[PDB]
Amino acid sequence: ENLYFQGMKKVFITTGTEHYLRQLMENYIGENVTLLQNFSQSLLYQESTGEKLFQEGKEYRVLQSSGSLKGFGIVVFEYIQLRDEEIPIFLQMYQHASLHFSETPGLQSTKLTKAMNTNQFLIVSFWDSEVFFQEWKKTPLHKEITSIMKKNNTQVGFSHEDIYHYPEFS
């Protein structure tokens, strides 16, 4: 089995107003669901195994994962487009880099994912605070992600870095 193509571990990402997404959370209470927010927008992040079926949001296949979500801090979404020729190289490099994620200060968890049926990749990283993420920007992995993000951008919204935080405590 080639899990790049056939893997069943997924991330679903649904954007919307806080009110809508809080209703959506109510309907999927007791699921793997996290509400995140930034200045513009709210987002629901879920990990699950299987298919989207009728569920909302955009689906990404998880290729590589590390760590575990602690439920606080900031979450960074790095969307990049890879050319076919780059994919084996990038996956190997990322796997080698990931051997050192446990030594990366403030890094809780990472997900390397691919949009279903396309060459758009999404790297999700969970951090204790933005300070730790800003330090990580100094690393070769961040530099190469940034390079690809700029070089391969087809200018239709598939390449961007979005930062979210956990919502106000209620």
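Sequential numbering from 1, following the sequence displayed.
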{"item": "Stretch exceeding the other in mean C-alpha B-factor - 112-120, 36-44", "value": "36-44"}
{"item": "Stretch with the greater mean C-alpha B-factor as recorded in the entry, comparing 51-59 against 124-132", "value": "51-59"}
{"item": "Ranked C-alpha temperature factor of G30 among modelled chain residues, by third", "value": "highest"}
{"item": "Within-chain third of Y4 by Cα B-factor, per the entry", "value": "lowest"}
{"item": "Third of the chain, ranked by Cα B-factor, where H160 sits", "value": "middle"}
{"item": "Assigned third (lowest, middle, highest) for the C-alpha B factor of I145", "value": "middle"}
